[PDB]
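**Student:** Handing over work.cif, mmCIF, C-alpha atoms and all ligand atoms.
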```cif
data_final
loop_
_atom_site.label_atom_id
_atom_site.label_comp_id
_atom_site.auth_asym_id
_atom_site.auth_seq_id
_atom_site.Cartn_x
_atom_site.Cartn_y
_atom_site.Cartn_z
CA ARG X 5 -21.75 85.20 125.82
CA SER X 6 -22.27 88.29 123.62
CA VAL X 7 -22.87 88.97 119.93
CA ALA X 8 -23.21 92.52 118.62
CA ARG X 9 -26.72 93.96 117.97
CA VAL X 10 -25.82 95.13 114.46
CA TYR X 11 -23.18 94.30 111.87
CA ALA X 12 -22.25 90.90 113.37
CA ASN X 13 -22.50 89.30 109.87
CA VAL X 14 -20.15 91.71 108.18
CA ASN X 15 -16.75 90.05 108.30
CA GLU X 16 -18.37 86.71 107.43
CA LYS X 17 -20.04 88.04 104.30
CA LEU X 18 -17.08 90.11 103.22
CA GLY X 19 -14.35 87.61 102.52
CA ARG X 20 -11.28 86.48 104.37
CA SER X 21 -9.61 88.82 101.86
CA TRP X 22 -11.21 91.59 103.96
CA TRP X 23 -10.18 90.61 107.52
CA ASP X 24 -7.13 88.29 107.32
CA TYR X 25 -4.47 90.91 107.94
CA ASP X 26 -1.66 88.48 108.83
CA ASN X 27 -1.45 87.47 105.18
CA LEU X 28 -1.45 91.02 103.77
CA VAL X 29 1.65 91.82 101.71
CA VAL X 30 2.60 95.52 101.99
CA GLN X 31 3.71 97.20 98.75
CA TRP X 32 6.01 99.75 100.35
CA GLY X 33 6.35 103.21 98.86
CA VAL X 34 9.68 105.01 98.49
CA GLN X 35 10.94 106.23 101.86
CA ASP X 36 13.19 108.85 100.28
CA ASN X 37 10.28 110.58 98.50
CA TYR X 38 9.19 111.97 101.89
CA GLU X 39 10.93 114.64 103.94
CA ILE X 40 10.09 115.06 107.61
CA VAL X 41 9.68 118.72 108.62
CA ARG X 42 8.55 119.16 112.24
CA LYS X 43 7.24 117.10 115.15
CA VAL X 44 3.48 117.52 115.59
CA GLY X 45 2.79 114.59 117.94
CA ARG X 46 4.05 111.60 119.91
CA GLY X 47 2.60 108.35 121.16
CA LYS X 48 2.98 105.12 123.09
CA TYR X 49 4.31 103.30 120.01
CA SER X 50 4.67 106.21 117.60
CA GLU X 51 6.03 109.63 116.73
CA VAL X 52 4.21 111.83 114.23
CA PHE X 53 5.68 114.52 111.97
CA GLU X 54 4.48 117.16 109.59
CA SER X 55 6.15 116.25 106.32
CA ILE X 56 6.40 116.89 102.58
CA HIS X 57 5.79 114.47 99.76
CA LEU X 58 8.69 115.78 97.68
CA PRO X 59 7.54 114.84 94.12
CA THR X 60 4.29 116.85 94.63
CA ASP X 61 5.69 119.29 97.26
CA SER X 62 2.65 118.75 99.51
CA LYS X 63 1.93 118.72 103.24
CA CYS X 64 1.24 115.35 104.87
CA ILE X 65 1.68 113.45 108.12
CA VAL X 66 4.24 110.68 108.67
CA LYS X 67 3.61 108.41 111.66
CA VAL X 68 6.66 106.31 112.51
CA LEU X 69 5.53 103.09 114.19
CA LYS X 70 8.06 101.98 116.84
CA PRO X 71 6.64 98.51 117.76
CA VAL X 72 7.39 95.46 115.66
CA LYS X 73 4.73 93.19 116.91
CA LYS X 74 4.65 93.08 113.12
CA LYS X 75 1.07 91.92 112.54
CA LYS X 76 -0.27 94.81 114.66
CA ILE X 77 1.26 96.95 111.86
CA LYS X 78 -0.43 94.90 109.13
CA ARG X 79 -3.76 95.32 110.98
CA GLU X 80 -3.69 99.14 110.98
CA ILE X 81 -2.70 99.20 107.29
CA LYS X 82 -5.39 96.68 106.32
CA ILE X 83 -8.04 98.69 108.19
CA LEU X 84 -6.89 102.01 106.63
CA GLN X 85 -6.88 100.40 103.15
CA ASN X 86 -10.31 98.87 103.84
CA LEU X 87 -11.91 102.07 105.13
CA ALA X 88 -10.65 104.05 102.10
CA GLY X 89 -13.09 106.71 100.93
CA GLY X 90 -15.15 106.39 104.09
CA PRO X 91 -16.91 109.53 105.33
CA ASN X 92 -14.62 111.40 107.74
CA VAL X 93 -11.85 108.70 107.95
CA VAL X 94 -8.14 109.80 107.69
CA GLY X 95 -6.86 109.44 104.14
CA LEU X 96 -4.04 106.94 103.69
CA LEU X 97 -1.34 108.29 101.39
CA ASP X 98 1.47 105.71 101.58
CA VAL X 99 3.28 103.16 103.68
CA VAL X 100 7.09 103.30 103.70
CA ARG X 101 9.92 101.98 105.83
CA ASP X 102 13.63 102.40 106.40
CA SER X 103 15.59 100.01 104.17
CA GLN X 104 18.12 99.23 106.93
CA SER X 105 16.03 98.91 110.12
CA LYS X 106 12.72 98.01 108.35
CA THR X 107 10.96 100.44 110.74
CA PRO X 108 7.63 101.33 109.06
CA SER X 109 5.85 104.67 108.83
CA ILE X 110 2.26 105.38 107.73
CA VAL X 111 1.70 108.49 105.60
CA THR X 112 -1.68 110.21 106.02
CA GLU X 113 -3.30 113.44 104.92
CA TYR X 114 -2.53 116.54 106.97
CA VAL X 115 -5.45 118.10 108.83
CA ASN X 116 -5.11 121.58 110.31
CA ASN X 117 -6.31 120.80 113.83
CA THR X 118 -6.94 122.93 116.88
CA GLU X 119 -6.18 121.06 120.08
CA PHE X 120 -9.51 120.36 121.71
CA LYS X 121 -8.95 121.98 125.11
CA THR X 122 -8.59 125.20 123.10
CA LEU X 123 -11.11 124.34 120.42
CA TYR X 124 -13.99 122.70 122.30
CA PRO X 125 -14.91 125.71 124.54
CA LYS X 126 -15.23 127.86 121.38
CA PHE X 127 -18.08 125.62 120.08
CA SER X 128 -21.67 126.79 119.86
CA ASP X 129 -24.55 124.41 120.58
CA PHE X 130 -24.91 123.83 116.83
CA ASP X 131 -21.18 123.12 116.43
CA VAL X 132 -21.41 120.26 118.91
CA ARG X 133 -24.37 118.61 117.20
CA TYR X 134 -22.56 119.19 113.92
CA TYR X 135 -19.12 117.73 114.82
CA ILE X 136 -20.59 114.80 116.80
CA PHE X 137 -22.82 114.00 113.80
CA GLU X 138 -19.80 114.01 111.46
CA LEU X 139 -17.96 111.76 113.90
CA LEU X 140 -20.93 109.42 114.13
CA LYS X 141 -20.62 109.13 110.32
CA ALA X 142 -17.05 107.85 110.56
CA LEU X 143 -18.01 105.45 113.37
CA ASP X 144 -21.07 104.13 111.61
CA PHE X 145 -19.17 103.58 108.33
CA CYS X 146 -16.33 101.49 109.83
CA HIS X 147 -18.74 99.63 112.09
CA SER X 148 -20.68 98.72 108.92
CA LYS X 149 -17.38 97.40 107.56
CA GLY X 150 -16.81 95.18 110.60
CA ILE X 151 -14.16 97.34 112.32
CA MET X 152 -13.95 98.76 115.87
CA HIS X 153 -11.78 101.83 116.45
CA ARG X 154 -11.36 101.12 120.21
CA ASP X 155 -9.58 104.41 120.92
CA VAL X 156 -12.23 107.04 120.26
CA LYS X 157 -11.30 110.23 122.16
CA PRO X 158 -10.67 113.95 121.40
CA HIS X 159 -6.99 113.30 120.63
CA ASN X 160 -7.92 111.07 117.67
CA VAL X 161 -10.54 113.44 116.25
CA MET X 162 -8.80 116.10 114.16
CA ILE X 163 -11.06 119.12 113.47
CA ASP X 164 -10.37 121.96 110.99
CA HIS X 165 -12.92 124.39 112.35
CA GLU X 166 -12.48 126.92 109.55
CA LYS X 167 -12.99 124.22 106.94
CA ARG X 168 -15.70 122.63 109.18
CA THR X 169 -14.19 119.19 108.50
CA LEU X 170 -13.55 116.18 110.73
CA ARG X 171 -11.18 113.20 110.41
CA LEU X 172 -11.01 110.23 112.81
CA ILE X 173 -7.33 109.26 113.15
CA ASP X 174 -5.20 106.63 114.98
CA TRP X 175 -6.42 103.20 113.94
CA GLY X 176 -3.55 101.51 115.77
CA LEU X 177 -5.90 99.86 118.26
CA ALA X 178 -8.53 99.08 115.59
CA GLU X 179 -9.38 95.42 115.30
CA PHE X 180 -11.88 93.42 113.21
CA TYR X 181 -15.06 92.21 114.92
CA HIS X 182 -15.70 88.43 114.83
CA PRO X 183 -18.72 87.11 116.78
CA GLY X 184 -17.74 85.60 120.12
CA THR X 185 -14.06 86.47 119.92
CA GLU X 186 -12.45 87.29 123.25
CA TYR X 187 -10.74 90.60 122.57
CA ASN X 188 -8.10 92.33 124.67
CA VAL X 189 -9.64 94.65 127.27
CA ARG X 190 -6.40 96.65 127.59
CA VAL X 191 -7.51 99.05 124.83
CA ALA X 192 -8.73 102.65 124.64
CA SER X 193 -7.47 105.31 127.04
CA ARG X 194 -8.45 105.25 130.71
CA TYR X 195 -11.03 108.08 130.71
CA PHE X 196 -12.88 106.57 127.71
CA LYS X 197 -12.75 102.89 128.63
CA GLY X 198 -16.09 101.13 128.80
CA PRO X 199 -17.37 99.37 131.89
CA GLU X 200 -16.78 96.12 129.96
CA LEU X 201 -13.05 96.88 129.66
CA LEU X 202 -12.84 97.74 133.37
CA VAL X 203 -14.60 94.53 134.56
CA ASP X 204 -12.47 92.29 132.23
CA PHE X 205 -15.39 91.31 129.94
CA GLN X 206 -13.72 90.25 126.69
CA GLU X 207 -16.66 89.59 124.30
CA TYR X 208 -17.28 93.25 123.38
CA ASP X 209 -18.12 94.74 119.99
CA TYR X 210 -18.78 98.01 118.20
CA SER X 211 -20.75 99.44 121.07
CA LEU X 212 -17.52 100.07 122.95
CA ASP X 213 -16.91 103.00 120.60
CA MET X 214 -20.29 104.48 121.63
CA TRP X 215 -19.45 104.56 125.33
CA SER X 216 -16.24 106.41 124.40
CA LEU X 217 -18.20 108.79 122.20
CA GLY X 218 -20.47 109.56 125.15
CA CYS X 219 -17.47 110.32 127.37
CA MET X 220 -16.31 112.84 124.77
CA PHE X 221 -19.81 114.36 124.42
CA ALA X 222 -20.32 114.55 128.16
CA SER X 223 -17.10 116.52 128.55
CA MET X 224 -18.12 118.79 125.69
CA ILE X 225 -21.61 119.68 126.96
CA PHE X 226 -20.80 119.85 130.68
CA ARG X 227 -17.37 121.44 130.07
CA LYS X 228 -15.69 118.93 132.37
CA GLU X 229 -12.52 117.38 130.98
CA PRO X 230 -12.33 114.44 131.45
CA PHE X 231 -15.90 113.67 132.49
CA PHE X 232 -14.84 110.49 134.38
CA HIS X 233 -11.52 111.20 136.13
CA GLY X 234 -10.26 108.05 137.81
CA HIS X 235 -6.70 107.89 139.08
CA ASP X 236 -6.36 104.26 137.92
CA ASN X 237 -8.46 101.66 136.09
CA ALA X 238 -10.16 100.59 139.33
CA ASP X 239 -10.90 104.18 140.35
CA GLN X 240 -12.19 104.69 136.82
CA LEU X 241 -15.00 102.26 137.58
CA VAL X 242 -15.67 103.97 140.90
CA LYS X 243 -16.02 107.41 139.26
CA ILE X 244 -18.48 105.96 136.70
CA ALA X 245 -20.27 104.23 139.58
CA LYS X 246 -20.78 107.56 141.34
CA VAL X 247 -22.74 108.87 138.33
CA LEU X 248 -24.61 105.85 136.95
CA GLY X 249 -25.24 104.26 140.30
CA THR X 250 -24.19 101.02 141.91
CA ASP X 251 -27.65 99.47 141.68
CA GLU X 252 -27.63 99.41 137.88
CA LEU X 253 -24.04 98.20 137.89
CA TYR X 254 -24.95 95.08 139.91
CA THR X 255 -27.92 94.28 137.68
CA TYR X 256 -25.55 94.51 134.73
CA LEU X 257 -22.92 92.22 136.24
CA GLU X 258 -25.59 89.65 137.05
CA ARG X 259 -27.01 90.01 133.52
CA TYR X 260 -23.58 89.02 132.15
CA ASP X 261 -22.37 86.60 134.86
CA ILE X 262 -19.44 88.89 135.55
CA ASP X 263 -17.73 88.42 138.90
CA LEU X 264 -16.30 91.70 140.07
CA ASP X 265 -12.74 91.45 141.33
CA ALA X 266 -12.12 91.40 145.08
CA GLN X 267 -10.12 94.65 145.04
CA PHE X 268 -13.38 96.54 144.46
CA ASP X 269 -14.86 95.23 147.72
CA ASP X 270 -13.21 97.96 149.78
CA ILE X 271 -13.30 100.78 147.18
CA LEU X 272 -16.80 100.42 145.67
CA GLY X 273 -19.57 101.69 147.92
CA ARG X 274 -23.28 101.92 147.30
CA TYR X 275 -23.85 104.93 145.08
CA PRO X 276 -27.18 106.46 144.06
CA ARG X 277 -27.69 107.51 140.47
CA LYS X 278 -26.80 111.21 140.05
CA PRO X 279 -29.28 112.74 137.55
CA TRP X 280 -27.68 114.37 134.52
CA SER X 281 -29.20 117.76 135.48
CA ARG X 282 -26.86 118.04 138.49
CA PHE X 283 -23.98 118.55 135.98
CA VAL X 284 -25.74 121.62 134.50
CA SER X 285 -23.89 124.85 135.36
CA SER X 286 -24.04 128.47 134.23
CA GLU X 287 -20.75 128.22 132.38
CA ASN X 288 -21.84 125.05 130.54
CA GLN X 289 -25.56 125.83 130.07
CA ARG X 290 -25.18 126.96 126.44
CA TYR X 291 -24.85 123.29 125.41
CA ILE X 292 -27.74 121.94 127.56
CA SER X 293 -31.12 120.85 126.21
CA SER X 294 -33.54 118.01 126.75
CA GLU X 295 -32.52 116.45 123.43
CA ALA X 296 -28.85 116.51 124.42
CA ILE X 297 -29.31 115.01 127.90
CA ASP X 298 -31.58 112.31 126.52
CA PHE X 299 -29.01 111.50 123.82
CA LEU X 300 -26.10 111.32 126.29
CA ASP X 301 -28.24 109.07 128.49
CA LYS X 302 -28.61 106.48 125.69
CA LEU X 303 -24.87 106.47 125.08
CA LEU X 304 -23.60 105.97 128.65
CA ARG X 305 -25.02 102.62 129.76
CA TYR X 306 -23.30 99.83 131.69
CA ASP X 307 -24.82 97.27 129.38
CA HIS X 308 -23.30 97.78 125.94
CA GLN X 309 -26.40 96.22 124.48
CA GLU X 310 -28.38 99.18 125.80
CA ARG X 311 -26.32 101.78 123.91
CA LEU X 312 -27.32 103.49 120.68
CA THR X 313 -25.84 102.25 117.44
CA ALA X 314 -24.12 104.96 115.40
CA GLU X 315 -26.89 104.62 112.82
CA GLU X 316 -29.59 105.01 115.52
CA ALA X 317 -27.79 107.95 117.12
CA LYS X 318 -27.85 109.88 113.82
CA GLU X 319 -31.65 109.43 113.85
CA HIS X 320 -31.86 111.14 117.26
CA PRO X 321 -33.82 114.43 117.62
CA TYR X 322 -30.73 116.17 119.00
CA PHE X 323 -29.26 116.11 115.50
CA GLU X 324 -32.39 117.25 113.62
CA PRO X 325 -31.01 120.83 113.27
CA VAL X 326 -27.97 119.32 111.57
CA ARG X 327 -30.04 117.10 109.29
CA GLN X 328 -32.43 119.87 108.20
CA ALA X 329 -29.58 122.38 107.85
CA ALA X 330 -27.77 120.07 105.43
CA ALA X 331 -31.07 119.39 103.63
CA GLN X 332 -31.67 123.13 103.00
CA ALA X 333 -28.08 123.52 101.81
CA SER X 334 -29.08 120.93 99.20
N1 LIG X 401 -3.74 113.51 110.08
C1 LIG X 401 -3.28 114.24 111.10
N2 LIG X 401 -3.36 115.59 111.01
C2 LIG X 401 -2.91 116.33 112.02
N3 LIG X 401 -2.35 115.94 113.17
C3 LIG X 401 -2.29 114.60 113.24
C4 LIG X 401 -2.72 113.70 112.27
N4 LIG X 401 -2.49 112.40 112.69
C5 LIG X 401 -1.94 112.53 113.87
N5 LIG X 401 -1.78 113.84 114.26
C6 LIG X 401 -1.24 114.32 115.53
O1 LIG X 401 -0.44 113.30 116.10
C7 LIG X 401 -0.96 112.92 117.40
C8 LIG X 401 -0.73 111.45 117.64
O2 LIG X 401 -1.29 110.73 116.52
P1 LIG X 401 -1.74 109.22 116.65
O3 LIG X 401 -2.10 108.77 115.28
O4 LIG X 401 -2.87 109.11 117.68
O5 LIG X 401 -0.45 108.38 117.18
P2 LIG X 401 -0.45 107.46 118.47
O6 LIG X 401 1.01 107.10 118.85
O7 LIG X 401 -1.19 106.18 118.18
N6 LIG X 401 -1.15 108.34 119.72
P3 LIG X 401 -2.03 107.55 120.95
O8 LIG X 401 -2.21 106.08 120.71
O9 LIG X 401 -3.41 108.33 121.00
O10 LIG X 401 -1.35 107.76 122.36
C9 LIG X 401 -2.42 113.35 117.36
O11 LIG X 401 -2.99 113.45 118.67
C10 LIG X 401 -2.34 114.66 116.56
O12 LIG X 401 -1.94 115.78 117.34
MG MG X 402 -2.73 104.48 118.55
#
```
Mind converting the file's structure to structure tokens?

**Tutor:**
Amino acid sequence: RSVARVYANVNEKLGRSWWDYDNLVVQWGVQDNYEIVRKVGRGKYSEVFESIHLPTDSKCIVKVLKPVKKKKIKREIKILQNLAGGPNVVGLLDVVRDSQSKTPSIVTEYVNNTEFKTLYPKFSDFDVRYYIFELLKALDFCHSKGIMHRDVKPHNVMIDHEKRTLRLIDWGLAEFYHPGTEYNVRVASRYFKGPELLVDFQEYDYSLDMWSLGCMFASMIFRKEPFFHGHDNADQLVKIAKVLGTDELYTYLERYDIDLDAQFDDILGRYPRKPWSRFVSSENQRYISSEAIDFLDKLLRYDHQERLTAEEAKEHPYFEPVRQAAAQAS
């Protein structure tokens, strides 16, 4: 019913030793070599602390996983171990657990982040091309390793603006891509869910991350957080329908033999396609260009098979200032 456009081969050609995370045996580190300092974050199934690796006296993050659907834990570790040394991927420092409760924590590198609602409006046009390009690099890399993040959003993109460095964090929803597998559609956060998640299409792939990327980008360049602001998962598809149009939605459903649920009968009207230019304002115009609008337009497509691959999106003209800038640095 759907195979991915790129990278479908990858987990087949890499071994079972690459994707079979149930049979991973975790060599736990020493829990007592870490000291938790201060709370820096929380989560659905987690709490995150700034911490010190005592033997080196260094800053790090400790993320205490509170589920024990225990192979979901092995999955996140296996993906972090697999993606090691990948451009712009969080560094994995250790896995430890409490000897008595066997509650596990993941220890990652600390990144001095500015929260995006503060940080994003301080970006220049070049910043945005620059930090999206660095993020594309993380996404492309893991996609080329047969992994889907499935929770791309600002909250999982730590940015040290003074160091001009980017890390993609939170691989708790990351899963391996196997052709034809019916994955869970209850992934990602509401405002970044793809149309495929919202219409219960299960045979998705790495292109889900690109729709999410486009949601991020759209809120950066139009200065509208979140760009799609549905009150629930059904209203989420209505608020996307008001932009992209109901005509191209119906062609997409027919193209994939998706039967929209009956609840949408009363809530989904006929919507014309709103051009991207109607989101241009004076306050957000600094970010606007033809290259940008064109690039957003190839991210945010009902049909996931119409979206740019991360590799393709790096090739885009929008990013040429970033490419040539790095080339002249070299
Ligand atoms: N390496 C890091 N450096 C700095 N802050 C971090 C780091 N990792 C996590 N954080 C902070 O901790 C928060 C939650 O981390 P996260 O890894 O997403 O846990 P989570 O429970 O899976 N959250 P979520 O699933 O998005 O609701 C982030 O939004 C950051 O503010
Ligand atoms: Mg998570």

**Student:** Take atom CA of residue 83 of chain X and atom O4 of ligand LIG 401 (chain X) and report the distance between them in Å, one decimal.

**Tutor:**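 Atom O4 of ligand LIG 401 (chain X) lies 15.0 Å from atom CA of residue 83 of chain X.
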
**Student:** Between X:125, X:130, X:172, X:313, which has the minimum distance to residue 95 of chain X (counting only C-alpha atoms)?

**Tutor:**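 So, comparing all the options, the nearest one is X:172.
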
**Student:** For a quick check of understanding, using all atoms listed in the file, which of X:66, X:156, X:242, X:99 has the smallest distance to residue 113 of chain X?

**Tutor:**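 Comparing X:66, X:156, X:242, X:99 against residue 113 of chain X, the winner is X:66.
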
**Student:** When the cut-off is 9 Å and you count only C-alpha atoms and all ligand atoms, which residues lie near ligand LIG 401 (chain X), shown as a PDB file with C-alpha atoms, in the coordinates of the input?

**Tutor:**
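The result, stored in selection.pdb:
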```pdb
ATOM      1  CA  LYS X  43       7.240 117.100 115.150  1.00  0.00           C
ATOM      2  CA  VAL X  44       3.480 117.520 115.590  1.00  0.00           C
ATOM      3  CA  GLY X  45       2.790 114.590 117.940  1.00  0.00           C
ATOM      4  CA  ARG X  46       4.050 111.600 119.910  1.00  0.00           C
ATOM      5  CA  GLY X  47       2.600 108.350 121.160  1.00  0.00           C
ATOM      6  CA  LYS X  48       2.980 105.120 123.090  1.00  0.00           C
ATOM      7  CA  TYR X  49       4.310 103.300 120.010  1.00  0.00           C
ATOM      8  CA  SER X  50       4.670 106.210 117.600  1.00  0.00           C
ATOM      9  CA  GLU X  51       6.030 109.630 116.730  1.00  0.00           C
ATOM     10  CA  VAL X  52       4.210 111.830 114.230  1.00  0.00           C
ATOM     11  CA  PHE X  53       5.680 114.520 111.970  1.00  0.00           C
ATOM     12  CA  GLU X  54       4.480 117.160 109.590  1.00  0.00           C
ATOM     13  CA  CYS X  64       1.240 115.350 104.870  1.00  0.00           C
ATOM     14  CA  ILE X  65       1.680 113.450 108.120  1.00  0.00           C
ATOM     15  CA  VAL X  66       4.240 110.680 108.670  1.00  0.00           C
ATOM     16  CA  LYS X  67       3.610 108.410 111.660  1.00  0.00           C
ATOM     17  CA  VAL X  68       6.660 106.310 112.510  1.00  0.00           C
ATOM     18  CA  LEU X  69       5.530 103.090 114.190  1.00  0.00           C
ATOM     19  CA  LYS X  70       8.060 101.980 116.840  1.00  0.00           C
ATOM     20  CA  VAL X  94      -8.140 109.800 107.690  1.00  0.00           C
ATOM     21  CA  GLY X  95      -6.860 109.440 104.140  1.00  0.00           C
ATOM     22  CA  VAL X 111       1.700 108.490 105.600  1.00  0.00           C
ATOM     23  CA  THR X 112      -1.680 110.210 106.020  1.00  0.00           C
ATOM     24  CA  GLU X 113      -3.300 113.440 104.920  1.00  0.00           C
ATOM     25  CA  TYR X 114      -2.530 116.540 106.970  1.00  0.00           C
ATOM     26  CA  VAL X 115      -5.450 118.100 108.830  1.00  0.00           C
ATOM     27  CA  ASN X 116      -5.110 121.580 110.310  1.00  0.00           C
ATOM     28  CA  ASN X 117      -6.310 120.800 113.830  1.00  0.00           C
ATOM     29  CA  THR X 118      -6.940 122.930 116.880  1.00  0.00           C
ATOM     30  CA  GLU X 119      -6.180 121.060 120.080  1.00  0.00           C
ATOM     31  CA  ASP X 155      -9.580 104.410 120.920  1.00  0.00           C
ATOM     32  CA  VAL X 156     -12.230 107.040 120.260  1.00  0.00           C
ATOM     33  CA  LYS X 157     -11.300 110.230 122.160  1.00  0.00           C
ATOM     34  CA  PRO X 158     -10.670 113.950 121.400  1.00  0.00           C
ATOM     35  CA  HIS X 159      -6.990 113.300 120.630  1.00  0.00           C
ATOM     36  CA  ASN X 160      -7.920 111.070 117.670  1.00  0.00           C
ATOM     37  CA  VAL X 161     -10.540 113.440 116.250  1.00  0.00           C
ATOM     38  CA  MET X 162      -8.800 116.100 114.160  1.00  0.00           C
ATOM     39  CA  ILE X 163     -11.060 119.120 113.470  1.00  0.00           C
ATOM     40  CA  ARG X 171     -11.180 113.200 110.410  1.00  0.00           C
ATOM     41  CA  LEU X 172     -11.010 110.230 112.810  1.00  0.00           C
ATOM     42  CA  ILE X 173      -7.330 109.260 113.150  1.00  0.00           C
ATOM     43  CA  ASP X 174      -5.200 106.630 114.980  1.00  0.00           C
ATOM     44  CA  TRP X 175      -6.420 103.200 113.940  1.00  0.00           C
ATOM     45  CA  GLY X 176      -3.550 101.510 115.770  1.00  0.00           C
ATOM     46  CA  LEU X 177      -5.900  99.860 118.260  1.00  0.00           C
ATOM     47  CA  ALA X 192      -8.730 102.650 124.640  1.00  0.00           C
ATOM     48  CA  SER X 193      -7.470 105.310 127.040  1.00  0.00           C
TER      49      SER X 193
END
```

**Student:** Compile the contact shell of residue 233 of chain X as JSON, numbers by chain: residues with an atom at most 9 Å away, counting all atoms listed in the file, same-chain residues fewer than 3 positions apart removed.

**Tutor:** {"X": [194, 195, 229, 230, 236, 239, 240, 243, 244]}

**Student:** Could you write segment 26-37 of chain X as a PDB file, in the frame of the given file, with N, CA, C and O atoms rebuilt where they are missing?

**Tutor:**
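Printed below is result15.pdb as written:
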```pdb
ATOM      1  N   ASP X  26      -2.969  89.127 108.726  1.00  0.00           N
ATOM      2  CA  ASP X  26      -1.660  88.480 108.830  1.00  0.00           C
ATOM      3  C   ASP X  26      -1.064  88.223 107.465  1.00  0.00           C
ATOM      4  O   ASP X  26       0.153  88.328 107.281  1.00  0.00           O
ATOM      5  N   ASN X  27      -1.904  87.866 106.499  1.00  0.00           N
ATOM      6  CA  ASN X  27      -1.450  87.470 105.180  1.00  0.00           C
ATOM      7  C   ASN X  27      -1.491  88.612 104.173  1.00  0.00           C
ATOM      8  O   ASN X  27      -1.370  88.365 102.969  1.00  0.00           O
ATOM      9  N   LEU X  28      -1.635  89.855 104.635  1.00  0.00           N
ATOM     10  CA  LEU X  28      -1.450  91.020 103.770  1.00  0.00           C
ATOM     11  C   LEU X  28       0.024  91.240 103.449  1.00  0.00           C
ATOM     12  O   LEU X  28       0.884  91.227 104.336  1.00  0.00           O
ATOM     13  N   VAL X  29       0.310  91.463 102.171  1.00  0.00           N
ATOM     14  CA  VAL X  29       1.650  91.820 101.710  1.00  0.00           C
ATOM     15  C   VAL X  29       1.650  93.309 101.369  1.00  0.00           C
ATOM     16  O   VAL X  29       0.943  93.746 100.445  1.00  0.00           O
ATOM     17  N   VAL X  30       2.483  94.061 102.097  1.00  0.00           N
ATOM     18  CA  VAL X  30       2.600  95.520 101.990  1.00  0.00           C
ATOM     19  C   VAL X  30       3.472  95.892 100.802  1.00  0.00           C
ATOM     20  O   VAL X  30       4.645  95.505 100.745  1.00  0.00           O
ATOM     21  N   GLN X  31       2.917  96.663  99.862  1.00  0.00           N
ATOM     22  CA  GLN X  31       3.710  97.200  98.750  1.00  0.00           C
ATOM     23  C   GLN X  31       4.252  98.551  99.191  1.00  0.00           C
ATOM     24  O   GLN X  31       3.613  99.589  99.002  1.00  0.00           O
ATOM     25  N   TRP X  32       5.439  98.534  99.790  1.00  0.00           N
ATOM     26  CA  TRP X  32       6.010  99.750 100.350  1.00  0.00           C
ATOM     27  C   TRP X  32       6.210 100.806  99.268  1.00  0.00           C
ATOM     28  O   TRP X  32       6.622 100.502  98.146  1.00  0.00           O
ATOM     29  N   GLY X  33       5.902 102.056  99.618  1.00  0.00           N
ATOM     30  CA  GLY X  33       6.350 103.210  98.860  1.00  0.00           C
ATOM     31  C   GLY X  33       7.828 103.502  99.060  1.00  0.00           C
ATOM     32  O   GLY X  33       8.555 102.765  99.727  1.00  0.00           O
ATOM     33  N   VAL X  34       8.274 104.612  98.467  1.00  0.00           N
ATOM     34  CA  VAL X  34       9.680 105.010  98.490  1.00  0.00           C
ATOM     35  C   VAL X  34       9.920 105.924  99.693  1.00  0.00           C
ATOM     36  O   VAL X  34       9.414 107.048  99.746  1.00  0.00           O
ATOM     37  N   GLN X  35      10.724 105.453 100.646  1.00  0.00           N
ATOM     38  CA  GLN X  35      10.940 106.230 101.860  1.00  0.00           C
ATOM     39  C   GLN X  35      11.567 107.582 101.555  1.00  0.00           C
ATOM     40  O   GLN X  35      11.280 108.579 102.230  1.00  0.00           O
ATOM     41  N   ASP X  36      12.435 107.634 100.551  1.00  0.00           N
ATOM     42  CA  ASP X  36      13.190 108.850 100.280  1.00  0.00           C
ATOM     43  C   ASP X  36      12.387 109.916  99.550  1.00  0.00           C
ATOM     44  O   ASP X  36      12.869 111.052  99.452  1.00  0.00           O
ATOM     45  N   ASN X  37      11.176 109.593  99.075  1.00  0.00           N
ATOM     46  CA  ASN X  37      10.280 110.580  98.500  1.00  0.00           C
ATOM     47  C   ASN X  37       9.558 111.418  99.546  1.00  0.00           C
ATOM     48  O   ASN X  37       8.769 112.290  99.166  1.00  0.00           O
TER      49      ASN X  37
END
```
